[PDB]
file final.pdb (PDB, C-alpha atoms)
ATOM      1  CA  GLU A  16      20.693  -5.936  30.748  1.00  0.00           C
ATOM      2  CA  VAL A  17      24.501  -5.838  30.268  1.00  0.00           C
ATOM      3  CA  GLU A  18      26.303  -4.884  27.057  1.00  0.00           C
ATOM      4  CA  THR A  19      29.806  -6.295  26.485  1.00  0.00           C
ATOM      5  CA  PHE A  20      32.295  -4.472  24.230  1.00  0.00           C
ATOM      6  CA  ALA A  21      35.776  -5.172  22.905  1.00  0.00           C
ATOM      7  CA  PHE A  22      38.476  -2.628  23.640  1.00  0.00           C
ATOM      8  CA  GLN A  23      40.065  -1.165  20.557  1.00  0.00           C
ATOM      9  CA  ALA A  24      43.243  -3.115  19.919  1.00  0.00           C
ATOM     10  CA  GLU A  25      45.483  -0.190  20.839  1.00  0.00           C
ATOM     11  CA  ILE A  26      43.746   0.277  24.221  1.00  0.00           C
ATOM     12  CA  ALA A  27      43.968  -3.445  24.955  1.00  0.00           C
ATOM     13  CA  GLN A  28      47.689  -3.132  24.238  1.00  0.00           C
ATOM     14  CA  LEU A  29      47.987  -0.125  26.582  1.00  0.00           C
ATOM     15  CA  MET A  30      46.269  -2.056  29.357  1.00  0.00           C
ATOM     16  CA  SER A  31      48.400  -5.165  28.957  1.00  0.00           C
ATOM     17  CA  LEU A  32      51.555  -3.014  29.067  1.00  0.00           C
ATOM     18  CA  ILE A  33      50.350  -1.367  32.282  1.00  0.00           C
ATOM     19  CA  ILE A  34      49.541  -4.754  33.818  1.00  0.00           C
ATOM     20  CA  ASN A  35      52.599  -6.729  32.677  1.00  0.00           C
ATOM     21  CA  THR A  36      55.512  -4.254  32.779  1.00  0.00           C
ATOM     22  CA  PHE A  37      57.729  -4.354  35.847  1.00  0.00           C
ATOM     23  CA  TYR A  38      57.367  -0.853  37.305  1.00  0.00           C
ATOM     24  CA  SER A  39      57.591  -0.191  41.032  1.00  0.00           C
ATOM     25  CA  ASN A  40      56.238   3.398  41.167  1.00  0.00           C
ATOM     26  CA  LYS A  41      52.577   2.338  41.210  1.00  0.00           C
ATOM     27  CA  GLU A  42      51.377   5.127  43.519  1.00  0.00           C
ATOM     28  CA  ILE A  43      51.017   7.558  40.587  1.00  0.00           C
ATOM     29  CA  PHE A  44      47.642   5.950  39.782  1.00  0.00           C
ATOM     30  CA  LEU A  45      46.093   8.118  42.491  1.00  0.00           C
ATOM     31  CA  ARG A  46      47.580  11.348  41.131  1.00  0.00           C
ATOM     32  CA  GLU A  47      46.250  10.481  37.692  1.00  0.00           C
ATOM     33  CA  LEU A  48      42.699   9.763  38.888  1.00  0.00           C
ATOM     34  CA  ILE A  49      42.593  12.879  41.069  1.00  0.00           C
ATOM     35  CA  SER A  50      43.833  14.917  38.089  1.00  0.00           C
ATOM     36  CA  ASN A  51      41.046  13.416  35.961  1.00  0.00           C
ATOM     37  CA  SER A  52      38.528  14.384  38.660  1.00  0.00           C
ATOM     38  CA  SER A  53      39.912  17.927  38.755  1.00  0.00           C
ATOM     39  CA  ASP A  54      39.543  18.171  34.960  1.00  0.00           C
ATOM     40  CA  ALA A  55      35.926  16.957  35.224  1.00  0.00           C
ATOM     41  CA  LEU A  56      35.174  19.489  37.974  1.00  0.00           C
ATOM     42  CA  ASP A  57      36.705  22.279  35.858  1.00  0.00           C
ATOM     43  CA  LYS A  58      34.360  21.338  33.011  1.00  0.00           C
ATOM     44  CA  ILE A  59      31.134  21.581  34.991  1.00  0.00           C
ATOM     45  CA  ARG A  60      32.374  24.777  36.669  1.00  0.00           C
ATOM     46  CA  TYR A  61      32.981  26.373  33.270  1.00  0.00           C
ATOM     47  CA  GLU A  62      29.516  25.369  31.987  1.00  0.00           C
ATOM     48  CA  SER A  63      27.945  26.776  35.160  1.00  0.00           C
ATOM     49  CA  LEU A  64      29.462  30.225  34.558  1.00  0.00           C
ATOM     50  CA  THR A  65      26.954  30.897  31.782  1.00  0.00           C
ATOM     51  CA  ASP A  66      24.184  28.522  32.926  1.00  0.00           C
ATOM     52  CA  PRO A  67      23.744  28.206  36.703  1.00  0.00           C
ATOM     53  CA  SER A  68      21.124  25.468  36.259  1.00  0.00           C
ATOM     54  CA  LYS A  69      23.977  23.132  35.299  1.00  0.00           C
ATOM     55  CA  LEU A  70      24.552  22.766  39.052  1.00  0.00           C
ATOM     56  CA  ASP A  71      20.930  21.905  39.881  1.00  0.00           C
ATOM     57  CA  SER A  72      22.265  18.334  40.102  1.00  0.00           C
ATOM     58  CA  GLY A  73      24.637  19.395  42.884  1.00  0.00           C
ATOM     59  CA  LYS A  74      26.386  22.655  43.747  1.00  0.00           C
ATOM     60  CA  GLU A  75      29.353  21.213  45.648  1.00  0.00           C
ATOM     61  CA  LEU A  76      32.537  20.662  43.632  1.00  0.00           C
ATOM     62  CA  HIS A  77      34.748  18.171  45.474  1.00  0.00           C
ATOM     63  CA  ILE A  78      36.747  14.935  45.491  1.00  0.00           C
ATOM     64  CA  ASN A  79      36.287  12.175  48.086  1.00  0.00           C
ATOM     65  CA  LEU A  80      38.673   9.257  48.652  1.00  0.00           C
ATOM     66  CA  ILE A  81      36.898   6.307  50.271  1.00  0.00           C
ATOM     67  CA  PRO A  82      38.935   3.262  51.345  1.00  0.00           C
ATOM     68  CA  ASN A  83      37.069   0.108  52.373  1.00  0.00           C
ATOM     69  CA  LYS A  84      39.241  -2.676  53.762  1.00  0.00           C
ATOM     70  CA  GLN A  85      36.384  -5.190  54.003  1.00  0.00           C
ATOM     71  CA  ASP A  86      35.611  -4.879  50.287  1.00  0.00           C
ATOM     72  CA  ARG A  87      39.279  -4.216  49.412  1.00  0.00           C
ATOM     73  CA  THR A  88      38.240  -1.173  47.397  1.00  0.00           C
ATOM     74  CA  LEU A  89      39.493   2.373  47.026  1.00  0.00           C
ATOM     75  CA  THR A  90      36.836   4.662  45.555  1.00  0.00           C
ATOM     76  CA  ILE A  91      37.581   8.101  44.084  1.00  0.00           C
ATOM     77  CA  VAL A  92      34.366  10.178  43.935  1.00  0.00           C
ATOM     78  CA  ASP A  93      34.034  13.530  42.208  1.00  0.00           C
ATOM     79  CA  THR A  94      31.093  15.794  41.439  1.00  0.00           C
ATOM     80  CA  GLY A  95      32.395  16.848  38.045  1.00  0.00           C
ATOM     81  CA  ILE A  96      30.634  16.886  34.705  1.00  0.00           C
ATOM     82  CA  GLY A  97      30.299  13.098  34.526  1.00  0.00           C
ATOM     83  CA  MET A  98      30.151  11.015  31.365  1.00  0.00           C
ATOM     84  CA  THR A  99      27.360  10.056  28.977  1.00  0.00           C
ATOM     85  CA  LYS A 100      26.929   6.453  27.854  1.00  0.00           C
ATOM     86  CA  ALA A 101      28.591   7.399  24.581  1.00  0.00           C
ATOM     87  CA  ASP A 102      31.521   8.896  26.528  1.00  0.00           C
ATOM     88  CA  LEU A 103      31.958   5.680  28.510  1.00  0.00           C
ATOM     89  CA  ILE A 104      32.020   3.527  25.396  1.00  0.00           C
ATOM     90  CA  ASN A 105      34.386   5.982  23.692  1.00  0.00           C
ATOM     91  CA  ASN A 106      37.220   5.201  26.130  1.00  0.00           C
ATOM     92  CA  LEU A 107      35.772   7.122  29.078  1.00  0.00           C
ATOM     93  CA  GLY A 108      35.819  10.461  27.281  1.00  0.00           C
ATOM     94  CA  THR A 109      39.460  10.210  26.166  1.00  0.00           C
ATOM     95  CA  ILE A 110      41.229  10.224  22.824  1.00  0.00           C
ATOM     96  CA  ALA A 111      42.851   7.020  23.931  1.00  0.00           C
ATOM     97  CA  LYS A 112      43.823   5.692  20.484  1.00  0.00           C
ATOM     98  CA  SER A 113      45.977   8.692  19.595  1.00  0.00           C
ATOM     99  CA  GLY A 114      47.056   9.161  23.215  1.00  0.00           C
ATOM    100  CA  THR A 115      48.281   5.574  23.428  1.00  0.00           C
ATOM    101  CA  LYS A 116      50.195   5.966  20.170  1.00  0.00           C
ATOM    102  CA  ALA A 117      52.108   8.916  21.585  1.00  0.00           C
ATOM    103  CA  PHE A 118      52.690   7.316  24.995  1.00  0.00           C
ATOM    104  CA  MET A 119      54.151   4.140  23.568  1.00  0.00           C
ATOM    105  CA  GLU A 120      56.610   6.006  21.349  1.00  0.00           C
ATOM    106  CA  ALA A 121      57.714   7.964  24.416  1.00  0.00           C
ATOM    107  CA  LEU A 122      58.309   4.761  26.395  1.00  0.00           C
ATOM    108  CA  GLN A 123      60.721   3.504  23.736  1.00  0.00           C
ATOM    109  CA  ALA A 124      62.169   7.043  23.416  1.00  0.00           C
ATOM    110  CA  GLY A 125      63.120   7.241  27.116  1.00  0.00           C
ATOM    111  CA  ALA A 126      59.985   7.970  29.139  1.00  0.00           C
ATOM    112  CA  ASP A 127      58.476   5.865  31.926  1.00  0.00           C
ATOM    113  CA  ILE A 128      54.953   4.854  32.950  1.00  0.00           C
ATOM    114  CA  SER A 129      54.587   7.816  35.343  1.00  0.00           C
ATOM    115  CA  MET A 130      54.314  10.243  32.349  1.00  0.00           C
ATOM    116  CA  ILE A 131      51.071   8.603  31.157  1.00  0.00           C
ATOM    117  CA  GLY A 132      48.839  11.532  32.094  1.00  0.00           C
ATOM    118  CA  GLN A 133      50.675  13.787  29.637  1.00  0.00           C
ATOM    119  CA  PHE A 134      49.078  11.655  26.900  1.00  0.00           C
ATOM    120  CA  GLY A 135      45.523  11.792  28.061  1.00  0.00           C
ATOM    121  CA  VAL A 136      45.217   8.151  29.122  1.00  0.00           C
ATOM    122  CA  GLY A 137      46.026   8.399  32.822  1.00  0.00           C
ATOM    123  CA  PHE A 138      42.770   6.637  33.756  1.00  0.00           C
ATOM    124  CA  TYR A 139      44.252   3.308  32.676  1.00  0.00           C
ATOM    125  CA  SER A 140      46.995   3.614  35.320  1.00  0.00           C
ATOM    126  CA  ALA A 141      44.267   2.323  37.636  1.00  0.00           C
ATOM    127  CA  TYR A 142      45.340  -1.144  36.447  1.00  0.00           C
ATOM    128  CA  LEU A 143      48.701  -0.689  38.182  1.00  0.00           C
ATOM    129  CA  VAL A 144      46.881  -1.494  41.427  1.00  0.00           C
ATOM    130  CA  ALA A 145      43.365  -2.771  40.542  1.00  0.00           C
ATOM    131  CA  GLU A 146      42.375  -6.207  39.248  1.00  0.00           C
ATOM    132  CA  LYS A 147      38.958  -4.764  38.340  1.00  0.00           C
ATOM    133  CA  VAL A 148      37.753  -1.189  37.903  1.00  0.00           C
ATOM    134  CA  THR A 149      34.110  -0.093  38.130  1.00  0.00           C
ATOM    135  CA  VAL A 150      33.145   3.409  36.965  1.00  0.00           C
ATOM    136  CA  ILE A 151      29.732   4.792  38.008  1.00  0.00           C
ATOM    137  CA  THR A 152      28.852   8.035  36.282  1.00  0.00           C
ATOM    138  CA  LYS A 153      26.028  10.551  35.859  1.00  0.00           C
ATOM    139  CA  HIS A 154      26.083  13.387  33.316  1.00  0.00           C
ATOM    140  CA  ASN A 155      23.352  16.036  33.272  1.00  0.00           C
ATOM    141  CA  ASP A 156      22.354  14.947  29.747  1.00  0.00           C
ATOM    142  CA  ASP A 157      22.106  11.185  30.382  1.00  0.00           C
ATOM    143  CA  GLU A 158      21.142   8.484  32.888  1.00  0.00           C
ATOM    144  CA  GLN A 159      23.390   6.862  35.491  1.00  0.00           C
ATOM    145  CA  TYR A 160      25.616   4.142  34.049  1.00  0.00           C
ATOM    146  CA  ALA A 161      28.148   1.605  35.292  1.00  0.00           C
ATOM    147  CA  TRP A 162      31.222   0.693  33.228  1.00  0.00           C
ATOM    148  CA  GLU A 163      33.422  -2.193  34.340  1.00  0.00           C
ATOM    149  CA  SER A 164      36.507  -4.068  33.189  1.00  0.00           C
ATOM    150  CA  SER A 165      38.935  -6.654  34.507  1.00  0.00           C
ATOM    151  CA  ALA A 166      41.021  -6.039  31.354  1.00  0.00           C
ATOM    152  CA  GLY A 167      41.290  -9.186  29.250  1.00  0.00           C
ATOM    153  CA  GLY A 168      40.115  -7.247  26.220  1.00  0.00           C
ATOM    154  CA  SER A 169      36.520  -6.371  27.117  1.00  0.00           C
ATOM    155  CA  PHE A 170      34.438  -3.991  29.188  1.00  0.00           C
ATOM    156  CA  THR A 171      30.762  -3.900  30.121  1.00  0.00           C
ATOM    157  CA  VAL A 172      28.224  -1.086  30.299  1.00  0.00           C
ATOM    158  CA  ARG A 173      24.863  -1.251  32.063  1.00  0.00           C
ATOM    159  CA  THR A 174      22.339   1.158  33.500  1.00  0.00           C
ATOM    160  CA  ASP A 175      23.118   1.562  37.177  1.00  0.00           C
ATOM    161  CA  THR A 176      20.352   0.707  39.639  1.00  0.00           C
ATOM    162  CA  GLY A 177      22.574   1.523  42.627  1.00  0.00           C
ATOM    163  CA  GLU A 178      22.638   4.587  44.841  1.00  0.00           C
ATOM    164  CA  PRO A 179      21.762   7.671  42.713  1.00  0.00           C
ATOM    165  CA  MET A 180      24.718  10.052  42.344  1.00  0.00           C
ATOM    166  CA  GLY A 181      23.315  13.411  41.271  1.00  0.00           C
ATOM    167  CA  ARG A 182      26.220  14.265  38.960  1.00  0.00           C
ATOM    168  CA  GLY A 183      29.800  13.153  38.613  1.00  0.00           C
ATOM    169  CA  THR A 184      31.963  10.072  38.536  1.00  0.00           C
ATOM    170  CA  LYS A 185      32.902   7.306  40.972  1.00  0.00           C
ATOM    171  CA  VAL A 186      35.975   5.167  40.174  1.00  0.00           C
ATOM    172  CA  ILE A 187      35.911   1.978  42.268  1.00  0.00           C
ATOM    173  CA  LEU A 188      39.316   0.252  42.356  1.00  0.00           C
ATOM    174  CA  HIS A 189      39.053  -3.438  43.302  1.00  0.00           C
ATOM    175  CA  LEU A 190      42.628  -3.702  44.509  1.00  0.00           C
ATOM    176  CA  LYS A 191      45.050  -6.524  43.836  1.00  0.00           C
ATOM    177  CA  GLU A 192      45.831  -8.635  46.884  1.00  0.00           C
ATOM    178  CA  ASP A 193      49.352  -7.253  47.207  1.00  0.00           C
ATOM    179  CA  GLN A 194      48.298  -3.599  46.768  1.00  0.00           C
ATOM    180  CA  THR A 195      46.356  -3.046  50.008  1.00  0.00           C
ATOM    181  CA  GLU A 196      48.773  -0.350  51.228  1.00  0.00           C
ATOM    182  CA  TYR A 197      46.572   2.035  49.215  1.00  0.00           C
ATOM    183  CA  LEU A 198      43.772   1.496  51.749  1.00  0.00           C
ATOM    184  CA  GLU A 199      45.898   2.764  54.648  1.00  0.00           C
ATOM    185  CA  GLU A 200      45.194   6.331  55.762  1.00  0.00           C
ATOM    186  CA  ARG A 201      48.835   7.295  56.219  1.00  0.00           C
ATOM    187  CA  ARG A 202      49.795   5.973  52.774  1.00  0.00           C
ATOM    188  CA  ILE A 203      46.939   7.762  50.996  1.00  0.00           C
ATOM    189  CA  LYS A 204      47.695  11.003  52.852  1.00  0.00           C
ATOM    190  CA  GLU A 205      51.353  10.738  51.858  1.00  0.00           C
ATOM    191  CA  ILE A 206      50.508  10.278  48.178  1.00  0.00           C
ATOM    192  CA  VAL A 207      47.999  13.145  48.098  1.00  0.00           C
ATOM    193  CA  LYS A 208      50.508  15.495  49.753  1.00  0.00           C
ATOM    194  CA  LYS A 209      53.319  14.396  47.404  1.00  0.00           C
ATOM    195  CA  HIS A 210      51.474  14.536  44.084  1.00  0.00           C
ATOM    196  CA  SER A 211      48.173  16.399  44.450  1.00  0.00           C
ATOM    197  CA  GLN A 212      48.994  19.267  46.761  1.00  0.00           C
ATOM    198  CA  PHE A 213      47.865  21.984  44.317  1.00  0.00           C
ATOM    199  CA  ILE A 214      44.509  20.547  43.174  1.00  0.00           C
ATOM    200  CA  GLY A 215      41.941  23.330  43.434  1.00  0.00           C
ATOM    201  CA  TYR A 216      39.095  21.309  44.938  1.00  0.00           C
ATOM    202  CA  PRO A 217      38.710  19.868  48.451  1.00  0.00           C
ATOM    203  CA  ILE A 218      39.999  16.292  48.697  1.00  0.00           C
ATOM    204  CA  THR A 219      38.462  14.521  51.695  1.00  0.00           C
ATOM    205  CA  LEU A 220      39.994  11.249  52.821  1.00  0.00           C
ATOM    206  CA  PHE A 221      37.284   9.251  54.561  1.00  0.00           C
ATOM    207  CA  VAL A 222      38.217   7.112  57.546  1.00  0.00           C
ATOM    208  CA  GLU A 223      36.915   3.673  58.459  1.00  0.00           C
ATOM    209  CA  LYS A 224      35.199   2.254  61.570  1.00  0.00           C
TER     210      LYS A 224
END

call {"tool": "encode", "arguments": {"input": "final.pdb", "output": "structure tokens"}}
result
Amino acid sequence: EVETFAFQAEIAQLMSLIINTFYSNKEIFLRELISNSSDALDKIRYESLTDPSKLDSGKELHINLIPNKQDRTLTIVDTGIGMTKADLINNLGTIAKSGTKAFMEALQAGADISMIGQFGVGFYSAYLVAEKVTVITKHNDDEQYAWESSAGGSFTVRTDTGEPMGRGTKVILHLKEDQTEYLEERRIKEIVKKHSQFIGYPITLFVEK
């Protein structure tokens, strides 16, 4: 049972700008997603300070990067607070309407696409490198859900029957054909060291057979 939704017009505009603008510095997508994971981990850590049972769904607070060359996917897994169904529908827990408004003024007033995370909408930088994004998420207060979009103005939400997650978020990037450098170990390591060297959670880069 799959529900299909229209993006708000402003978010559709943000996504088309990300997809259509010539902009070579695509690697920042990974910094933005890792920063989102760190923010999500901070949130469940804070809740756990006054309620330890918040971590009954998993005590480890971490970020995994899982490349798969056969599937042409890069998956960013975190054990943060996760998202409810309502969060997913409401632009993956972001204030994306007002954030987009600010970002697009900045782009005409000098800024470039790499500054996107300063406006709270860094998630959508995934579409610099992905033709499709799948988000699997589990929040303590809701069931496990899958969000998905290939842009084009719509996204889907369904209950996820896949592998149970415990708590957190998985962002599956179905990479564009010309963006497979982001599956190579040495490229991912370089980007993490350049842009994510001070993230306060372990980031484990998985290797492949």

call {"tool": "atom_distance", "arguments": {"input": "final.pdb", "atom1": "atom CA of residue A:45", "atom2": "atom CA of residue A:201"}}
result
14.0 Å

call {"tool": "residues_around", "arguments": {"input": "final.pdb", "residues": "residue A:195", "least_positions_apart": "3", "cutoff": "9 Å", "atoms": "only C-alpha atoms", "output": "JSON list (two decimals) with C-alpha atoms, in the frame of the given file"}}
result
[["chain", "number", "residue", "atom", "x", "y", "z"],
["A", 84, "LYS", "CA", 39.24, -2.68, 53.76],
["A", 87, "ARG", "CA", 39.28, -4.22, 49.41],
["A", 88, "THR", "CA", 38.24, -1.17, 47.40],
["A", 144, "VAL", "CA", 46.88, -1.49, 41.43],
["A", 190, "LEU", "CA", 42.63, -3.70, 44.51],
["A", 191, "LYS", "CA", 45.05, -6.52, 43.84],
["A", 192, "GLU", "CA", 45.83, -8.64, 46.88],
["A", 198, "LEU", "CA", 43.77, 1.50, 51.75],
["A", 199, "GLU", "CA", 45.90, 2.76, 54.65]]

call {"tool": "closest_atom_pairs", "arguments": {"input": "final.pdb", "of": "stretch 106-217 of chain A", "to": "stretch 24-31 of chain A", "cutoff": "10 Å", "atoms": "only C-alpha atoms", "output": "JSON lines"}}
result
{"residue": "A:106", "atom": "CA", "partner": "A:26", "partner_atom": "CA", "distance": 8.4}
{"residue": "A:111", "atom": "CA", "partner": "A:26", "partner_atom": "CA", "distance": 6.8}
{"residue": "A:112", "atom": "CA", "partner": "A:25", "partner_atom": "CA", "distance": 6.1}
{"residue": "A:113", "atom": "CA", "partner": "A:25", "partner_atom": "CA", "distance": 9.0}
{"residue": "A:114", "atom": "CA", "partner": "A:26", "partner_atom": "CA", "distance": 9.5}
{"residue": "A:115", "atom": "CA", "partner": "A:29", "partner_atom": "CA", "distance": 6.5}
{"residue": "A:116", "atom": "CA", "partner": "A:25", "partner_atom": "CA", "distance": 7.8}
{"residue": "A:118", "atom": "CA", "partner": "A:29", "partner_atom": "CA", "distance": 8.9}
{"residue": "A:119", "atom": "CA", "partner": "A:29", "partner_atom": "CA", "distance": 8.1}
{"residue": "A:136", "atom": "CA", "partner": "A:29", "partner_atom": "CA", "distance": 9.1}
{"residue": "A:139", "atom": "CA", "partner": "A:30", "partner_atom": "CA", "distance": 6.6}
{"residue": "A:140", "atom": "CA", "partner": "A:30", "partner_atom": "CA", "distance": 8.3}
{"residue": "A:141", "atom": "CA", "partner": "A:30", "partner_atom": "CA", "distance": 9.6}
{"residue": "A:142", "atom": "CA", "partner": "A:30", "partner_atom": "CA", "distance": 7.2}
{"residue": "A:143", "atom": "CA", "partner": "A:30", "partner_atom": "CA", "distance": 9.3}
{"residue": "A:166", "atom": "CA", "partner": "A:30", "partner_atom": "CA", "distance": 6.9}
{"residue": "A:167", "atom": "CA", "partner": "A:27", "partner_atom": "CA", "distance": 7.7}
{"residue": "A:168", "atom": "CA", "partner": "A:27", "partner_atom": "CA", "distance": 5.6}
{"residue": "A:169", "atom": "CA", "partner": "A:27", "partner_atom": "CA", "distance": 8.3}

call {"tool": "axis_aligned_box", "arguments": {"input": "final.pdb", "around": "stretch 201-205 of chain A", "padding_each_side": "8 Å", "output": "AutoDock Vina command-line options"}}
result
--center_x 49.1 --center_y 8.5 --center_z 53.6 --size_x 20.4 --size_y 21.0 --size_z 21.2

call {"tool": "resolve_selection", "arguments": {"input": "final.pdb", "expression": "the PyMOL selection byres ((chain A and resi 204) around 12)", "output": "VMD selection string"}}
result
chain A and resid 42 45 to 46 80 82 196 to 203 205 to 212 218 to 222

call {"tool": "atom_distance", "arguments": {"input": "final.pdb", "atom1": "atom CA of residue A:72", "atom2": "atom CA of residue A:95"}}
result
10.4 Å

call {"tool": "residues_around", "arguments": {"input": "final.pdb", "residues": "stretch 60-63 of chain A", "least_positions_apart": "5", "cutoff": "10 Å", "atoms": "all atoms listed in the file", "output": "list in words"}}
result
residues 54, 55, 68, 69, 70, 71, 74, 76, 95 and 96 of chain A

call {"tool": "atom_distance", "arguments": {"input": "final.pdb", "atom1": "atom CA of residue A:93", "atom2": "atom CA of residue A:35"}}
result
29.1 Å

call {"tool": "closest_residue", "arguments": {"input": "final.pdb", "among": "A:188, A:43, A:19, A:216", "to": "residue A:86", "atoms": "only C-alpha atoms"}}
result
A:188

call {"tool": "resolve_selection", "arguments": {"input": "final.pdb", "expression": "the PyMOL selection byres ((chain A and resi 48) around 8)", "output": "list in words"}}
result
residues 44, 45, 46, 47, 49, 50, 51, 52, 91, 137, 138 and 141 of chain A

call {"tool": "closest_atom_pairs", "arguments": {"input": "final.pdb", "of": "stretch 57-165 of chain A", "to": "stretch 36-39 of chain A", "cutoff": "10 Å", "atoms": "only C-alpha atoms", "output": "JSON lines"}}
result
{"residue": "A:127", "atom": "CA", "partner": "A:38", "partner_atom": "CA", "distance": 8.7}
{"residue": "A:128", "atom": "CA", "partner": "A:38", "partner_atom": "CA", "distance": 7.6}
{"residue": "A:129", "atom": "CA", "partner": "A:38", "partner_atom": "CA", "distance": 9.3}
{"residue": "A:143", "atom": "CA", "partner": "A:38", "partner_atom": "CA", "distance": 8.7}

call {"tool": "write_last_selection", "arguments": {"input": "final.pdb", "atoms": "C-alpha atoms", "output": "short mmCIF file (atom, residue, chain, number, x, y, z; two decimals), in the coordinates of the input"}}
result
data_model
loop_
_atom_site.label_atom_id
_atom_site.label_comp_id
_atom_site.auth_asym_id
_atom_site.auth_seq_id
_atom_site.Cartn_x
_atom_site.Cartn_y
_atom_site.Cartn_z
CA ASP A 127 58.48 5.86 31.93
CA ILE A 128 54.95 4.85 32.95
CA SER A 129 54.59 7.82 35.34
CA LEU A 143 48.70 -0.69 38.18
#

call {"tool": "resolve_selection", "arguments": {"input": "final.pdb", "expression": "the PyMOL selection byres ((chain A and resi 16) around 9)", "output": "list in words"}}
result
residues 17, 18, 172, 173 and 174 of chain A

call {"tool": "closest_residue", "arguments": {"input": "final.pdb", "among": "A:110, A:89, A:151, A:130", "to": "residue A:181", "atoms": "all atoms listed in the file"}}
result
A:151

call {"tool": "closest_residue", "arguments": {"input": "final.pdb", "among": "A:180, A:122, A:32, A:98", "to": "residue A:59", "atoms": "only C-alpha atoms"}}
result
A:98

call {"tool": "closest_residue", "arguments": {"input": "final.pdb", "among": "A:178, A:150, A:79, A:194", "to": "residue A:40", "atoms": "all atoms listed in the file"}}
result
A:194

call {"tool": "closest_residue", "arguments": {"input": "final.pdb", "among": "A:177, A:187, A:104, A:154", "to": "residue A:56", "atoms": "all atoms listed in the file"}}
result
A:154

call {"tool": "closest_residue", "arguments": {"input": "final.pdb", "among": "A:73, A:100, A:123, A:189", "to": "residue A:162", "atoms": "all atoms listed in the file"}}
result
A:100

call {"tool": "build_atoms", "arguments": {"input": "final.pdb", "residues": "stretch 114-125 of chain A", "atoms": "N, CA and C atoms", "output": "PDB file, keeping the file's coordinate frame"}}
result
ATOM      1  N   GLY A 114      46.253   8.996  22.008  1.00  0.00           N
ATOM      2  CA  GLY A 114      47.056   9.161  23.215  1.00  0.00           C
ATOM      3  C   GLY A 114      47.961   7.972  23.470  1.00  0.00           C
ATOM      4  N   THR A 115      47.442   6.758  23.262  1.00  0.00           N
ATOM      5  CA  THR A 115      48.281   5.574  23.428  1.00  0.00           C
ATOM      6  C   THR A 115      49.432   5.588  22.438  1.00  0.00           C
ATOM      7  N   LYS A 116      49.151   5.950  21.186  1.00  0.00           N
ATOM      8  CA  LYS A 116      50.195   5.966  20.170  1.00  0.00           C
ATOM      9  C   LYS A 116      51.355   6.841  20.615  1.00  0.00           C
ATOM     10  N   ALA A 117      51.047   8.026  21.132  1.00  0.00           N
ATOM     11  CA  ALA A 117      52.108   8.916  21.585  1.00  0.00           C
ATOM     12  C   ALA A 117      52.833   8.344  22.802  1.00  0.00           C
ATOM     13  N   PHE A 118      52.080   7.846  23.781  1.00  0.00           N
ATOM     14  CA  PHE A 118      52.690   7.316  24.995  1.00  0.00           C
ATOM     15  C   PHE A 118      53.663   6.186  24.680  1.00  0.00           C
ATOM     16  N   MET A 119      53.312   5.315  23.746  1.00  0.00           N
ATOM     17  CA  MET A 119      54.151   4.140  23.568  1.00  0.00           C
ATOM     18  C   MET A 119      55.431   4.468  22.807  1.00  0.00           C
ATOM     19  N   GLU A 120      55.387   5.479  21.938  1.00  0.00           N
ATOM     20  CA  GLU A 120      56.610   6.006  21.349  1.00  0.00           C
ATOM     21  C   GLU A 120      57.508   6.614  22.420  1.00  0.00           C
ATOM     22  N   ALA A 121      56.916   7.339  23.371  1.00  0.00           N
ATOM     23  CA  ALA A 121      57.714   7.964  24.416  1.00  0.00           C
ATOM     24  C   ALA A 121      58.397   6.918  25.285  1.00  0.00           C
ATOM     25  N   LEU A 122      57.717   5.800  25.559  1.00  0.00           N
ATOM     26  CA  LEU A 122      58.309   4.761  26.395  1.00  0.00           C
ATOM     27  C   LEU A 122      59.551   4.162  25.741  1.00  0.00           C
ATOM     28  N   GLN A 123      59.524   3.978  24.421  1.00  0.00           N
ATOM     29  CA  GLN A 123      60.721   3.504  23.736  1.00  0.00           C
ATOM     30  C   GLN A 123      61.741   4.622  23.534  1.00  0.00           C
ATOM     31  N   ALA A 124      61.288   5.875  23.479  1.00  0.00           N
ATOM     32  CA  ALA A 124      62.169   7.043  23.416  1.00  0.00           C
ATOM     33  C   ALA A 124      62.464   7.634  24.798  1.00  0.00           C
ATOM     34  N   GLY A 125      62.611   6.793  25.828  1.00  0.00           N
ATOM     35  CA  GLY A 125      63.120   7.241  27.116  1.00  0.00           C
ATOM     36  C   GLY A 125      62.165   7.277  28.296  1.00  0.00           C
TER      37      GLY A 125
END
